[PDB]
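For reference, the structure discussed in these notes is given below.
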Amino acid sequence: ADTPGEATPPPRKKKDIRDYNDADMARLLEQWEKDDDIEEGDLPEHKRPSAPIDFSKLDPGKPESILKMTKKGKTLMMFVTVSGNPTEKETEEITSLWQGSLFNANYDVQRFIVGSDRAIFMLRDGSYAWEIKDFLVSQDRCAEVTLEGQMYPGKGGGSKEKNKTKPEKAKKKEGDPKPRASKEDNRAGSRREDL
Numbered sequence: 001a002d003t004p005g006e007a008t009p010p011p012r013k014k015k016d017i018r019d020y021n022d023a024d025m026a027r028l029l030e031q032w033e034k035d036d037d038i039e040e041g042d043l044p045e046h047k048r049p050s051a052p053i054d055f056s057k058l059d060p061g062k063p064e065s066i067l068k069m070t071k072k073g074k075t076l077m078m079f080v081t082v083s084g085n086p087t088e089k090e091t092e093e094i095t096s097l098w099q100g101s102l103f104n105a106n107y108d109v110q111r112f113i114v115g116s117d118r119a120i121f122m123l124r125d126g127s128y129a130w131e132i133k134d135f136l137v138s139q140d141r142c143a144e145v146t147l148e149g150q151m152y153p154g155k156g157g158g159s160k161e162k163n164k165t166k167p168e169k170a171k172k173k174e175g176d177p178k179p180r181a182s183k184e185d186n187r188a189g190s191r192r193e194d195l
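The sequence shown begins at 1 in mature numbering (1 follows the signal peptide of the UniProt record, and there is no 0) and counts up one residue at a time.
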């Protein structure tokens, strides 16, 4: 099964991400369906050690909010394209790991839900993720998940500051590249809602 690729549609919702994080939650809804279906998920060696090899060259340096992170711990990488899948508690953790990849300032996250099936893409990379993305859904019958618990972050700096700030959390909600965006997504509403 081969699919086209050259004239992709605009960011309707798949490229919006409710609350720029709530999207992962919506995935939990698919879990219930996977309970009876059960496509795939378990892979050989979920470890898969990742390293700081992301672009990270968009903005002049990086925000201070990231400093509060104090070294996330382990990167994040998951690719699946099918109705239902074991990622309930896994998706909820994506928010914790996402903090690390976020440093790249070009993370990649897409959430799509359709009666036909469900597919989610999340990787520390940004431009490379977009390419593989189209290739993922192209399968329409594949499931993969990679998550470690004893490795290094994707930032590649490990500030290790351990200091919370007032505007710190405010900036995160604003946006990595720029403000004016989260609001729209928030208005959408996911998790047993969808707009």
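Even for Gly, the Cβ is constructed at its ideal location relative to N, Cα and C.
Cutoff 6 Å; reference residue i; Cβ partners in own chain excluding five residues on either side
i: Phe112; result: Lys14, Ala119
i: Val145; result: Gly41, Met78
Residue i versus the options, residue with shortest Cα-Cα distance
i: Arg180; options: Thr8, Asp16, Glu6; result: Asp16
i: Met77; options: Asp19, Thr70, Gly149; result: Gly149
i: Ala129; options: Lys171, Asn106, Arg27; result: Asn106
i: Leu43; options: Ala188, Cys142, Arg27; result: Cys142
i: residue 199; options: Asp134, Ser190, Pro153; result: Because residue 199 is not part of the residues shown, which for the chain are 1 to 195, the question remains open.
i: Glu64; options: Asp176, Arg192, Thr75; result: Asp176
i: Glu45; options: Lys164, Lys57, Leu147, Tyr152; result: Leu147
Residues near residue i in its chain [Cβ-Cβ closer than 7 Å; skip 5 each side]
i: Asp125; result: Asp54, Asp108
i: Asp185; result: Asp16, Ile17, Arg18, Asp19, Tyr20
Counterpart residues of residue i in DSSP-defined beta bridges
i: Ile113; result: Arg118
i: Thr81; result: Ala119, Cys142
Residues near residue i by beta carbon distance below 8 Å, same chain, minus five either side
i: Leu195; result: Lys13, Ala188, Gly189
Beta-carbon separation (whole angstroms), residue i vs residue j, contact threshold 8 Å
i: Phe121; j: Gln110; result: 5 Å
Which whole runs of the alpha helix (DSSP H) in the region 158-185 are 4 residues long or more, in chain order? 166-174
Run through the region 123-154 for me and flag every whole alpha helix (DSSP H) of 4 or more residues, listed as ranges in chain order. 127-139
Unbroken stretches of the alpha helix (DSSP H), 4 residues or longer, contained in the region 10-72: 22-36, 65-69
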